[PDB]
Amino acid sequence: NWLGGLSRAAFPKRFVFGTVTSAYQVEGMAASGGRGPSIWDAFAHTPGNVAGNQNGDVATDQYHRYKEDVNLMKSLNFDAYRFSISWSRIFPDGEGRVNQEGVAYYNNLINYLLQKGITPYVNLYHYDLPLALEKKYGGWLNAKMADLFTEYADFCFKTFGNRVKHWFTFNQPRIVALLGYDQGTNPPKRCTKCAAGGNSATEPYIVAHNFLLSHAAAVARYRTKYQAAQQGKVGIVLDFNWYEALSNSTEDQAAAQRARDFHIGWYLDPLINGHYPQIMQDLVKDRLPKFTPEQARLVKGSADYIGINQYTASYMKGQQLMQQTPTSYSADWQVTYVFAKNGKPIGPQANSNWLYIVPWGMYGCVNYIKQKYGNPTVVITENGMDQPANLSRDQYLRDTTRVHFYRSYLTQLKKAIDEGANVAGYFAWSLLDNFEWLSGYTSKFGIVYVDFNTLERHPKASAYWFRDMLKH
């Protein structure tokens, strides 16, 4: 049968199933309703930055249609919805004056979710730094972000936390560091060669450190000021794609492990163990900031659960570790990506070139965190795949590859949970086709099709798969 034995009975009692969006990717009303610009507004409006020179001005217009979309997710038997609050919709300048119309939108959305029996899981940040803060403070390069983010978080806790009980601070800080400050392909477009300036060998590490310090500060504020009354939780969302040694050679096994450490360990060792991975300390040396004992103690234990965004897997080949002039976070890993093993690709690709369909990567990631980090509470906060541009409506709706994707990846998650992994929930990226960053509207990740001419929603086969799987 098309569920492949999956149902709510196949997962733990009270296991949470949801779908996911982010503010800039779905809301629209980017320069309306009092919202100030984010670094993504400025970036997307610059010709050449995004596929087709597209932007999130309108996106899916969830801002106007949110009750339609909530009705849809309830009809598909989901328990929860992960979405983000746009910082510049609340504070158009990132600090100071509150935009009451923005606050009203999130109140309305949260209230409707609760009315319809859908639990809100709310990200405070999803790439969309207020442009004013980038210009005034230099964004995540500035340690002052901890104070600025804490004050924003405090407002959100005060304003929404009597209703919202499941928070996340950041989303994929690794990708912000990598693409914003190593490769320079996401805002602020910084890198060694870049027009905007930068240094690919130092800035990614500064940025990651500031995300960690800012997360810890916001959680300390929650715990000391809001937790007694509100009794909720705050976590963080980290991407983790699996790395598998190309062979059982000492050097290939070491490479796959170095990659895991530079990818997920970069954040998880601080959050769980209060220090950066030893290999990062060894290889990155003085370019890796040092936590003071006090900071390390603030960061350690500061996530109530770990959100993992899990999409794909790669084979890794090793090499003798060399002394080399630093060039970039990416080059610091001293690993070699390889396409195939024993003449076979690791998996077929979805629309996105980086997205290899490798269901066993889900098991790899979850088992790895279980075994290495004392089995922390994990929530799979994103998992999904994309279709290309230019298909017909019917072609989008018959998304048999995505049905197969969810059945296979969820079977692998189930395998890890049945082996004892403390996974509390799973969220599909995305509820809706939406604005996919550099790919704009050319990448379709939704279980629900959105016609970007008419803005109409139509559930795809994968949406009905979830509805069947999740029936109560």
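Don't overthink the numbering: it's just position in the shown sequence, from 1.
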property	result
338-346 or 178-186, whichever carries the higher mean Cα B-factor	338-346
Stretch with the greater mean C-alpha B-factor as recorded in the entry, comparing 354-362 against 326-334	326-334
Residue with maximal Cα B-factor (values as given in the PDB entry) among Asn108, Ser84, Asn248, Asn171	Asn248
Selection by C-alpha B-factor (highest) of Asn71, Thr312, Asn199, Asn123	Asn199
Third assignment of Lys165 from its chain's C-alpha B-factors	middle
Ranked against its chain, the third holding the CA B-factor of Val450	lowest
Relative C-alpha B-factor of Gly425, binned into the chain's lowest, middle or highest third	lowest
Where the record places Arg223 (Cα B-factor, split into thirds across the chain)	middle
B-factor third for the C-alpha atom of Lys13 within its chain	highest
